[PDB]
Amino acid sequence: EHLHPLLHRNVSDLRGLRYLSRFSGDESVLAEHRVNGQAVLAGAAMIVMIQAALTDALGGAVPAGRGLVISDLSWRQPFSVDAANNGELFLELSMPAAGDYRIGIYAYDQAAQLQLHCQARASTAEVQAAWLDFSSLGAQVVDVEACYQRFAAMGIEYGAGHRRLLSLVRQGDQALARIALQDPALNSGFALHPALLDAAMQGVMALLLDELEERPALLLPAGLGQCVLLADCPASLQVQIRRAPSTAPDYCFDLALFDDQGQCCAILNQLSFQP
């Protein structure tokens, strides 16, 4: 059986720990995430793959009230399934020093050249919750369809399984989003479902509708300072989003994911979007 819906097989050998997933292109993380008309693996899915790989390498579970921390992640080229790569996406995991893990996600092109798609470092730590800080007094209700229309105008179209933004409210440079899976049962087997993590990232558009023009340039996640996984995430979530300073021509945000009761389940610090 697959080790994880997004981490199919363990192919470790003397070169080191390594994992392999083969996608057909019909999977929701690809087919329901189309960029300029092509089914492309959502950046969130690679974060989930790192989390699954680390959890497996640690014996199948994170230990002792600690959190899985992914740091200094960068997305390079988008991944699409084609005849060249046969849908095969590899993840290499090394530990150059105790508790200091290095990850690379890559695939092969038509030229037999290895292409690096994602790179990050990981660790485990005791971590402290973010606090749901959002006061809606005076808040603005953001039209979710206006957000998806803006994404569509830049070239990003989502299928129903990844159109999980249910509501948005904006208060200054902060926004609060409600997201939930189309089929809650599909949360089975995921500590954090990629569609919910992707929907959390979609929420940043609440803060950009006024800044961006009708036909803005395509913006995609390019870097992430930290992704902290504190606890299993339910099928319904609240997402607090705060605009952060960024150098041009980029945009940066901090996000925190909470359950319907306000418990912090995951934190994303310094999520950078770039043309």
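The residues of the chain are indexed from 1 along the displayed sequence.
- The pair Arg22-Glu88 counts as a salt bridge, with a side-chain nitrogen and a carboxylate oxygen less than 4.0 angstrom apart.
- The shortest heavy-atom contact between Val169 and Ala139 is CB-CB, 4.5 Å.
- Hydrophobic clustering of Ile, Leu, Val, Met, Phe, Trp and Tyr side chains at less than 4.5 Å, counting indirect connections, keeps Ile103 apart from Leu114.
- Residues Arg163 and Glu145 are paired through a salt bridge, judged by an N-O separation under 4.0 Å between the basic side chain and the carboxylate.
- Linking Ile, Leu, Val, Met, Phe, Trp and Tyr residues whenever their side-chain heavy atoms come within less than 4.5 Å places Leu229 and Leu54 in a single cluster.
- Taking the side-chain contact (heavy atoms from CB on, under 4.5 Å) definition, one finds that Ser246 meets it with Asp250, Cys252, sequence neighbours left out.
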#### Entry: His4/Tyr19 under ring pair (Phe, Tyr, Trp, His ring centres under 6.0 Å): CA gap, chis, key distance, verdict
CA-CA 11 Å; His4 187 275; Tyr19 310 85; over 10 Å; no
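- For the pair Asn36 and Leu218, the minimum side-chain heavy-atom distance is below 4.5 Å.
- A heavy-atom distance below 4.5 Å is found between the side chains of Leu73 and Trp75.
- The nearest pair of heavy atoms linking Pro194 to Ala44 is O-CB, 3.7 Å.
- Pairing each heavy atom of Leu181 with each of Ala195, the nearest pair is CD2-CB, 4.2 Å.
- Side-chain contact between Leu209 and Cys147 is present, with heavy atoms from C-beta onward closer than 4.5 Å.
- Remark: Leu6 CG to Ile47 CD1 distance equals 12.0 Å, nearest 0.5 Å.
- Note: the hydrophobic cluster containing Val239 also contains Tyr158 (ILVMFWY, side chain heavy atoms under 4.5 Å, direct or indirect links).
- Listed by first and then second residue, the side-chain hydrogen bond (donor to acceptor under 3.5 Å, both in side chains) pairs involving residues 57-71 are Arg66-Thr124 (not counting sequence neighbours).
- Across all non-hydrogen atoms, the minimal contact from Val69 to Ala125 is CG2-CB, 4.1 Å.
- Listed by chain and residue number, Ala111, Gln113, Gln115 satisfy the side-chain contact (heavy atoms from CB on, under 4.5 Å) test with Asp109 (two or more places apart in sequence, or in another chain).
- Of all the heavy atoms in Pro5 and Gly189, the pair that sits closest is CD-O, 4.2 Å.
- Counting only N and O atoms by type, the side chains of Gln174 and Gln240 include a donor and acceptor under 3.5 Å apart.
- In this structure a side-chain-to-backbone donor-acceptor pair under 3.5 Å is missing from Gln51 to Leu192.
- Residues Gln226 and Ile70 fail the side-chain proximity criterion, which asks for heavy atoms closer than 4.5 Å.
- Other residues, nucleotides and ligands place no more than 12 heavy atoms under 6.0 Å from the CD atom of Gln128.
- Side chain of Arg164 to backbone of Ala160: a donor-acceptor contact under 3.5 angstrom is found.
- Among residues at least two apart or in separate chains, side-chain hydrogen bond (donor to acceptor under 3.5 Å, both in side chains) pairs with a member in residues 209-218 are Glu211-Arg243.
- Atom OG in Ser28 sits 7.5 Å away from atom CG in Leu186 (nearest 0.5 Å).
- Under a hydrophobic clustering in which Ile, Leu, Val, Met, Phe, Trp and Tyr are joined whenever their side-chain heavy atoms come within less than 4.5 Å, directly or via other members, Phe134 and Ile241 fall into different clusters.
- Looking at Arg121 and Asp100, no side-chain N of the basic residue comes within less than 4.0 Å of a carboxylate O on the acidic one, giving no salt bridge.
- Contact annotation: the side chain of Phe90 never approaches that of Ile105 to less than 4.5 Å [non-hydrogen atoms, C-beta and beyond].
- Below 30°, between 30° and 60°, or above 60°: for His8 and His2 the angle between ring planes is below 30°, a parallel geometry.
- Looking only at atom types and distance, the side chain of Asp254 has a donor-acceptor partner in the side chain of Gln270 under 3.5 Å away.
- Between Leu58 and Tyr101, the closest side-chain pair of non-hydrogen atoms falls below 4.5 Å.
- The shortest distance between side-chain heavy atoms of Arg102 and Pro96 falls below 4.5 Å.
- For the atom pair CG (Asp56) and CG (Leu3), the distance works out to 5.0 Å, reported to the nearest 0.5 Å.
- How far CD of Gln202 is from CE of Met205: 9.5 Å, rounded to the nearest 0.5 Å.
- Hydrophobic cluster of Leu166: no remaining members, since no ILVMFWY side chain lies below 4.5 Å from it.
- Hydrophobic cluster membership is shared by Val142 and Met154, with clusters built from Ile, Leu, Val, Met, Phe, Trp and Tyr side chains linked at under 4.5 angstrom.
- Remark: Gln77 CD to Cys118 SG distance equals 12.0 Å, nearest 0.5 Å.
- Ring pair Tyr106/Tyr108 is perpendicular by interplanar angle, where above 60° counts as perpendicular and below 30° as parallel.
- Among pairs with a residue in residues 174-194, none fulfils salt bridge (charged side-chain N to carboxylate O under 4.0 Å, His left out), at least two apart in sequence or across chains.
- One distance of note links CG of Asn187 with CG of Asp232; it measures 8.5 Å at 0.5 Å rounding.
- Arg150 is listed as a side-chain neighbour of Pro216, based on a closest heavy-atom distance under 4.5 Å.
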